[PDB]
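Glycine gets a Cβ as well: all are built from the backbone with ideal geometry, and neighbour counts include every protein chain shown. Just so you know, all these numbers are worked out from the coordinates, no wet-lab data involved.
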Amino acid sequence: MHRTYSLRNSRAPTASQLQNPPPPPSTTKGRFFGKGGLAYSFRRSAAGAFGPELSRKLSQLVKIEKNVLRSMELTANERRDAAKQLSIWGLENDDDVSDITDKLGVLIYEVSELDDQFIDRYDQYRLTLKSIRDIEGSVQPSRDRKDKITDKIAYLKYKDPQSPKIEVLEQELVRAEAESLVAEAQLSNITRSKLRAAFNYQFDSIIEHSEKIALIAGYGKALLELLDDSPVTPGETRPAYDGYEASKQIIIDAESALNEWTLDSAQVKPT
Amino acid sequence: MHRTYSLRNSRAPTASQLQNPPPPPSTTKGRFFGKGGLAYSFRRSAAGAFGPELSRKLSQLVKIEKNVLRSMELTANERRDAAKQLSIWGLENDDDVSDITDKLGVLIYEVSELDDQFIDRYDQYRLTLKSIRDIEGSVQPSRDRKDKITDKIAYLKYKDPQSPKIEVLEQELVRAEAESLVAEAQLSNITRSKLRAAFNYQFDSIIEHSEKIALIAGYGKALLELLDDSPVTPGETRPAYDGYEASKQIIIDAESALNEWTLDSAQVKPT
Amino acid sequence: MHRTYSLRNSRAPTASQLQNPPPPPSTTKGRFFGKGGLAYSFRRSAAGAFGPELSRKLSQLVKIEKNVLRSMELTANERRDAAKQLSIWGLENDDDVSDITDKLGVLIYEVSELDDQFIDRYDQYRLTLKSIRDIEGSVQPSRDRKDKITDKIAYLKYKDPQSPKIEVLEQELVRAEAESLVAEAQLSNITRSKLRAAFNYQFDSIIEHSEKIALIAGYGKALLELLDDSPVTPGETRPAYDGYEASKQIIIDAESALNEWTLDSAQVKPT
């Protein structure tokens, strides 16, 4: 988060924000529950009511992550349709305009397919989170039994300190305690391992997607440079278009670079 | 109290009062019962009517202390709101003015949170007072029984000095007396211990809060020094503001000093 | 604010918080509107509805500050009553206990009177804020007239560009603009001056109050040291109390130090 020490819900402008004023807030921000509907909210609340207490939060996280994946795939499909129909509109235009919008449509198609691949990786990470949820929520009943048996032992001791069940219940409490402390140890180990692996995978997918999208954007801007933005004076003829070969090579190079990209090929250097 | 030997309800001016004349009395001192309402007064009176006689005063003290804590938390919340909305007003002003009032709002926010922490400590001390009230008010019925039984013994002796109940009642009086004198001894011991511990805790919290507020005030005055109070002549332009970094470091240092403060780090030296 | 970069509504423990675990949250935090009543809320909302737009926020700040002052004076009076009745309870106790609680009552009385003095200073600062509110809210109608006249000029120009009123209205717009830009300049100057002076006064009062309360707390802890916390074994006699002279000199020294305190005598050194 970028907030400086102030009560303001506004952050100090960065270098990009200093370069130009930020655009006004989106006009599509309507008034609603802030999420669109209620069925997924009911699912989330059910995850927050019925599940075991100590696993309830992680089950809710898994459900919300599934919602995020659903929304991401839906918006990727919608972006694909938008690119297709944008190029459809650009078909009946100037030949230069038609070619430029067609190539932009292909680039957005690549962006959509890369989004789909990142979505598959994101679902793999979500499955890992589901696995850690499962193991930890199945290790919870050990401590549940420990708490129940210690409460029963306290109640029996208060009611009848000389009851014969005291010794056997004490052995059982010891046994659940040996079952439980070291189970906590194993749970911590597996939680650390699974969390580290899943988040490393997720961040590798994130950086790969970001770098591929950045390369696509750079190639698209270089190809936009090809577009002739010089206006033609009223009443004049249309100059001939000869950018088929240049955009031809540009899209060829974009595909070649996308094939060539590797995890080590990432040029992002954190400091 | 600062009153010198005079009938005056006025005290000799101190060095601070000698430096400048004291401000006139507050204009918000309206006419009322002096406390605002009646429900808490009814609660206090009920504490002063229904409880056991010797514990009634301490129960009243606990109730009044709860009232004080309620008022303190309410005024802390109101001060927080005042700081927020003051900085809100200062948003639409000069950039230097906006920054200075924003940082002042953060400082008052820190003052409010420190007040909340002191309030938690004060409630812990109030709980200790409640504990001493409970033990002492539960030890009162021992002396109540002693007084009742000695009155009964005197009445029986006057009515019938040869009654057979005289001997058994005398044994019971002895027994309550052995129950009561040493109970007074234990009550004195526990009262001393609890009072000393609770008041030491309260005074430690008080000095910690005072020192933190003093550091906040000093940093705030040093930051007010950053404000450009030089007036600009009519019709002239606004000089550029460059105090972001200086206040940046000032608030950083204030937070660092607040973290660094310890009980031994207090620089107040009573003589 | 002490929050580190995390979504947690919890701050990293400081040195004092590292020394001992923080006390649990206060048990007096009931369920209500969070402020106690509704009449002051109605007053605040009226300040936020009826006043001029650009002065509405500052008028609300003044009203909320008046509420804060009212609450502070009420809680100071309640603390005074609490100290008095605490010493009242301590009257019927051990002679050492009676003396120690009486002196503690005097110390809390001093704290209350210092709170009253700080309240007077705080009301002076609030009056300064009221003054800046008044001048700025009275300079707002100049820009109000400027906006009204420019809207009227635009409407007249659209309706009839050749209307004779165009020239006179244009002169009037120029005149309000000469009235308004330099009025903005003067408003910025007076706002800077008043804000700096008022906040310097407020912070001086704050640091003075904090230092006096810290000295009171230190003297009170040194006097608590005088209390004999050694328990007496059951069945034994009460050792004689001889702490009249020591507490005598301690309270004398506390009064002398309170008289001796000056603004320059403050030992708080911000870094």
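Descriptive notes on the structure:
- Each residue in the stretch A:130-189 was checked for being within 20 Å of A:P52 (Cβ to Cβ) and either in contact with a strand residue (DSSP E or B) (Cβ under 6 Å, 6 or more places away or on another chain) or among the polar types (S, T, N, Q) (or both), and 8 of them qualify.
- Looking across the stretch C:14-39, the residues that are within 9 Å of another protein chain (Cβ to nearest Cβ), under 28 Å from B:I213 (Cα atoms) and not polar (S, T, N, Q) come down to C:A15, C:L18, C:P22, C:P23, C:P24, C:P25, C:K29, C:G30, C:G34, C:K35, C:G36.
- Looking across the stretch A:44-97, just one residue is over 30 Å from A:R143 (Cα atoms), among the β-branched types (V, I, T) and in contact with a helix residue (DSSP H, G or I) (Cβ under 7 Å, 6 or more places away or on another chain), and that is A:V97.
- In the stretch C:134-152, the qualifying residues are those that are surrounded by 14 or more Cβ atoms within 10 Å (Cβ to Cβ) and basic (K, R), and the one that is nearest to the chain's Cα centre (by Cα) is C:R143.
- Test for C:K221: is it within 13 Å of B:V268 (Cα to Cα), surrounded by fewer than 18 Cβ atoms within 10 Å (Cβ to Cβ) and touching an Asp or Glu at 6+ places or on another chain (Cβ under 9 Å): yes
- Residue match in the stretch B:133-144 (condition: in contact with a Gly (Cβ under 9 Å, 6 or more places away or on another chain), part of a helix (DSSP H, G or I) and on the phi < 0 side of the Ramachandran plot): yes
- Residue in the stretch A:173-192 that is assigned to a helix (DSSP H, G or I) and under 30 Å from A:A76 (Cα atoms) present: no
- Residues in the stretch B:75-107 that are among the acidic types (D, E), touching a residue at least 40 places away in the same chain (Cβ under 8 Å) and at the interface with chain C (Cβ under 9 Å from one of its Cβ atoms): 2 in all.
- The single residue among B:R175, B:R238 that is in contact (Cβ under 8 Å) with a residue 60 or more places away in the chain, more than 7 Å from every other protein chain (Cβ to nearest Cβ) and exposed (fewer than 14 other Cβ atoms within 10 Å of the Cβ) turns out to be B:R238.
- Flag for B:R11 being surrounded by 14 or more Cβ atoms within 10 Å (Cβ to Cβ), within 30 Å of C:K63 (Cβ to Cβ) and not aromatic (F, W, Y): no
- Options A:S193, A:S247, A:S180: the member that is closer than 25 Å to A:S112 by Cβ and of a type in the set (S, T, Y): A:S247
- Candidate set from the stretch B:217-271 (those that are aromatic (F, W, Y) and not in a loop (DSSP other than H, G, I, E, B)); member that is nearest to the chain's Cα centre (by Cα): B:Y219
- Among the residues making up the stretch B:256-271, a single one is more than 7 Å from every other protein chain (Cβ to nearest Cβ), touching a helix residue (DSSP H, G or I) at 6+ places or on another chain (Cβ under 8 Å) and of a type outside the set (G, A, S): B:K269.
- Exclusive hit being over 27 Å from C:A83 (Cα atoms), at the interface with chain C (Cβ under 7 Å from one of its Cβ atoms) and touching a residue at least 40 places away in the same chain (Cβ under 8 Å), set B:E65, B:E110: B:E110
- Test: B:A246 is facing another protein chain (nearest Cβ under 7 Å) and either closer than 25 Å to C:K194 by Cβ or of a type in the set (F, W, Y) (or both): no
- Yes/no for A:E53 being of a type in the set (D, E) and buried (at least 16 other Cβ atoms within 10 Å of the Cβ): no
- Hits in the stretch C:184-201 - residues which are more than 9 Å from chain B (Cβ to nearest Cβ) and buried (at least 16 other Cβ atoms within 10 Å of the Cβ): C:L187, C:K194, C:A198, C:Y201
- Candidate set from the stretch C:58-102 (those that are charged (D, E, K, R) and over 22 Å from the mean Cα position of the chain (by Cα)); member that is farthest from C:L226 (Cα to Cα): C:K84
- With respect to (1) surrounded by fewer than 20 Cβ atoms within 10 Å (Cβ to Cβ); (2) under 29 Å from B:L195 (Cβ atoms), the lone exception for C:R79 is condition (1).
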